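Chain lettering (A, B, C, D, E and F) follows the sequence in which the chains are written, and residue indices restart at 1 in each chain.
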Amino acid sequence: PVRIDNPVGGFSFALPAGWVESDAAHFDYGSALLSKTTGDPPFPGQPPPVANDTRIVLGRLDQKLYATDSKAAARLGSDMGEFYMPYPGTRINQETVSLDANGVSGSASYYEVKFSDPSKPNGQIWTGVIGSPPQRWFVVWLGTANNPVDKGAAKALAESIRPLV
Amino acid sequence: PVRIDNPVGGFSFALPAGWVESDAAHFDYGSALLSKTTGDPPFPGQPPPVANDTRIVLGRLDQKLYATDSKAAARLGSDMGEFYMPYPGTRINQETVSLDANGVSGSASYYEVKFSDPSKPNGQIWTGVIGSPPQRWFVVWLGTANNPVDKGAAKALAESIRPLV
Amino acid sequence: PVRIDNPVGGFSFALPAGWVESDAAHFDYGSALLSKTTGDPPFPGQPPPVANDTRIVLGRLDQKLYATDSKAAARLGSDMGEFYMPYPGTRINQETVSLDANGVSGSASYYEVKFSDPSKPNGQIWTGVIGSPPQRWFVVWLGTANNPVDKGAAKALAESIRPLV
Amino acid sequence: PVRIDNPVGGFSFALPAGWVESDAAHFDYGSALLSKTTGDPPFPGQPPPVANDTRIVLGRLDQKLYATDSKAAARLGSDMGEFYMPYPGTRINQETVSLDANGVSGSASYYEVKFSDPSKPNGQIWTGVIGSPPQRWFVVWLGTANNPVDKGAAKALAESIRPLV
Amino acid sequence: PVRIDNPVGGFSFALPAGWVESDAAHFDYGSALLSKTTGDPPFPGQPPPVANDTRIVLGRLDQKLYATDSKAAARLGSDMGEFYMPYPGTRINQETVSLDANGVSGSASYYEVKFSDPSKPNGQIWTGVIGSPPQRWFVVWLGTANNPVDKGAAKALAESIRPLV
Amino acid sequence: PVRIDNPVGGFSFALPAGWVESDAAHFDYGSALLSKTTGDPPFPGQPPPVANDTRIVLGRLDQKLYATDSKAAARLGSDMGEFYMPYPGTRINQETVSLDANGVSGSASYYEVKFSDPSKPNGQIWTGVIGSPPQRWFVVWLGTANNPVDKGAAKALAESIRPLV
C-alpha cells in the first residue's frame, strides 16, 4: 500500500498496483495523472514504458463545477467521454456504483463505447465523484477492450481518498 | 506574410497576424499549434502572453482517418468539438465553406455552441480539410464569444497551405 | 488552510487562497513559484488559466547572500525589482513591514513603480526575508495596478513559513 | 520522400517511412532523435504512440571524436552498444556495410546481442559513420528481436545525408 | 558558416563558432537563445555541457518597443543589464559600435559592470539593434570577466542578420 | 539533515550536503536524480549551476531485477558503468563496501576507470544495493578525477534510506 499526498488538492490516495505517476505538473494545481507500466522493468533510474490506451486522472473537483454526487458523476462521466473518446459511438454496459470512502460517500458512472469505426477497439470509462460530509474529488479511469478498466481497483482508488488535515 | 515550413507534415503555411507558435513538439509529428498574443509585448526574448480561450491546430490529416473533403471536415469538426468543448450544449449558426488552396480544394465546417451552463461563453469552432488533387491537411480554429473565430483568417490560413516538394 | 512542504528548502508554507503552483522544478533546489488563477475553472484534470502580470516566488535564502533582515529585505527588494521590472521608472508608495512568523522574525520591503513609459501599468513588489532565531527564507510577491500585491496576504504568507524538522 | 534539415548539424536527411521526430531539443546541438509510430493514428494534432524498444539517433560526429570511417563506425558501435544495451551478453550476426552517400563515403557496423538474461529479447544495433571527401555524421539505429533494425532502411537513411551549403 | 533561419522572427543569422541553441521554445515567438559549449564533446547524440555565465539572445524587436537605433540600443542595453545583472554596481568601459548588416544599419551599446559585491566577477553586456531601411532585430551577448563578451563576434552576429523573404 | 520522501519508491533519504534534485520526473516512478551545485549561489528563486561530470541516481530496485546484495551491487555496478561510461577502459582501485542502513543491510561496488583515450579524465562509480530484512533500493554515485565520488558520503546516503510506512 503506497499512499501519495496531493497537497494542493488537499487529499491523499493509494497508488494502484502496476501504475506510476506521469506528467507531475498535474500536482501543481491539485490533480494527478497515472499511467500503467508495461513490459519488463526499465534500466534502474529510467522511466518505465507505459500503456498508450489507458490512464487515470484524479483530483479536487472544483466547488463551482457540477448536484448530488450521483448526478455529478454521471455528468462528469459524459463530459470525460467526449474529452477523451471524441469519436462517434454508442454507450453500452452502463453501470452506476455507490462509493463509500471511510464515511465520505460518492458515486461512480461507468460505460463502454462501441465506436462507429469498426477498426477502433471499444472504449471504457469509469468516473467517480466522492466527497466529505463540502470538498469533493474525482477519479476517472479510462481504458479499452485491450486494457480494460479494472472496476474493482477503480472503486478501491476512489475509496482510498482521504482529506489532508 | 510569414511562411512557416512543417517538414514532417509535408506542408508550409502562412502564420496569421497576431499569432505565435506554442508547444513546438507538435512539429515532431507533422502538426502545429498556434496561440494568439495578448497584451503589450513581453520583455525582448521572453514569451508573449497568449489568450486562454482560443487556439489553432493544423497538420497533416492521416490517410487512414476520414470521405470527400466536405464529409471529412464535417466529421472532423464534430470530433474536434467533443475533444475541445466536451460540455453539453446546442450547435447554432452552422456554416460550410468551400476552400481552394492554389488548386488544392477542400471544405470547412463551422459552428457555434450555446452551452447548457448559462455562465459559460458560447464556443466557436472552424474545421477545414484541404487536399492536393492524395495528401490532406486539416486546420482547426477554436474560439469563444470573447475571442471569436476569425472566419476570413481561418479560410486564408487553410488556403495558404502548400505542399513541400 | 493548505500547507505545502518544500523539503529541499527546509520549510513549509500556507498556499494563498486563489493561487496554485507553477514550474515545479523550483522545488528541486528549495524554491517555489506560485501563480494566480483567473477565469472559470478549467476542465477537471487540466491546468487553470493564470494571470500574466503577477507571481509569487519563495524559497530558502542562501546563507552567503545578503545583513539584518531589514537591510536584507531592502537589498533583495531592489534586486528583485531590477530582475522583474527592468524598465526605467520611479519608486513610490514605499513601505517597510515587520514580520513575525511564530517567533521567527523578519522584515519586508514594498514599493510601487511608476514607469517612464506612460502606457505601462505601474508595477508593485513586496519582498520579505524571515529567519529562525541561522536559516532564512524569502518571499517575493510581484503585481501591477491591474493585479495588485495583496499586502495582507503577502505578510500572512511569509508569517506562515515554518522550518521542517 | 520527406527531407528534414538539421541546421546546427549542417546536414539534411530523408525521414524513414513510419518514423517521426522525438525530443526536438536534439536539433539545438546538431542531432536528431527519431521514434517509430505504432498502432492506429492518434487524434489529429496529438502525438502518435511510438515503440519503446527501437530508436534512431543521428547527428554531426564531432571532429575531435573517433580513424578511418570503418574504424570509427566499429568503435562508435561498440560504445553505443554499451550506452544503450548495458547488460551482459554476446555479440552475434555481426556485419560491416560500405556506405556511399552521393559521393561522400562511409561505413557501418551492425551486430545483434544475445543477453545473459534468458528473458531479455536480443538486442540489435546498426552504427554508421559517413563523411564528405572533413565533416562527418553518424546514424545509430537501435532495435530488438521484436522491432528489428531495418538494415536496408538504415543504409538508405545514412546514404540520404547531404551537407547543407 | 552555419546559417539558421528563424521563421517566426522573419530573419536568419550565422551561428557563432563554439555556440549551440538552447531552449528552442524561443523560436515559437521569433527569438533564439544560444549557449557556449564547454569541455570535451559529449557522447554522440547527447547535449554538450555549456557555460553558466554567458548567453546570447536574439530576436525580432517588437515595433511598439523602443527611437533611432543608437537610442534604442542604449535603452535596451540598460534594460537588459537590469534584467540579467540585477545586483548593485557601476558601469565601466562603455562603448557604442556602429552596425552595418549588408545595408541594414544599426548600433550597439556595450558596458562592463563592477559589482558592489567584491566576490562577484565583473559583468559584461553587448546589446545591438539592427534594422532594414521598418523591421528591427536585437542581439544581446552577456558575459563576465571569466567568459567575456567577444565583441568582434557580437558585431559579426548582428551584421549576419538577414530578413527572410 | 534534509530528509526527502520518495512516495512512489517507498523510501526516504537524506539529501547530501551540496546537492540538489534535478529532473523531478524521476520521482513519478520511484527514483531520484541529484546534481552537485557549483559556483556562487544563483539569483534567489533561480536554479543553481551544477556540475556536468557527477551525478547521483537512487531509487527502488525492481524485484524482478538482479542475487545476494553483494552480487546484485556488483552486477548493477557493471551495468551502470556501461550505461554512463560507455567508452573503452580498464577498471582500477576496485572496492566492495558493506552497508548497514538501520538494520537493513546491503553492499556497494566501487571502481575507477582508466580510459583508453588519454585525454579523458578517469571515471569513478559507486553502486550500492540495500534492502529490508523484500524491498530493495539502489544508489549510484558517478564522478571523475575532477569531481570524485565521495565514498563516505555515498555510504552515508545509502545508509540513510528508510522505508516509508
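The rule is simple: a residue touches a chain if its C-beta (ideal position, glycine included) is under 8 Å from a C-beta of that chain, and two chains touch if they have at least 3 such contacts.
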Pair of chains joined by more contacts [C-beta pairs], B-D or D-F: B-D
Listed chain pair A-B, A-C or D-F that repeats interface C-F [over half of contact pairs the same by residue number]: A-C
Farthest chain (mean CA position) relative to subunit D: C
Averaged-CA centre spacing for the pair subunit D and subunit A, given as whole angstrom: 39
Centroid spacing, where centroids are CA-atom means, of subunit C and subunit E in whole angstrom: 30
Touching two or more other chains - residue numbers and ranges from subunit D: 24, 40, 43, 79-80, 83, 86
Interchain contacts (touch definition) - all pairs: A-B, A-C, A-D, A-F, B-C, B-D, B-E, C-E, C-F, D-E, D-F, E-F
Complex contact set, residues of subunit F against subunit A: 7-8, 10, 24-31, 33, 57-59, 61-62, 64-65, 76, 79-80, 83, 138, 140
Residue ranges of subunit A touching subunit F (in the complex, touch as defined): 2-5, 15, 20-24, 37, 40-41, 43-48
List of subunit C residues in touch with subunit B within their complex: 38-40, 43, 49, 52, 86, 119-120
Subunit B residues touching subunit A - in the complex, by the definition given at the top: 75, 78-83, 86-88
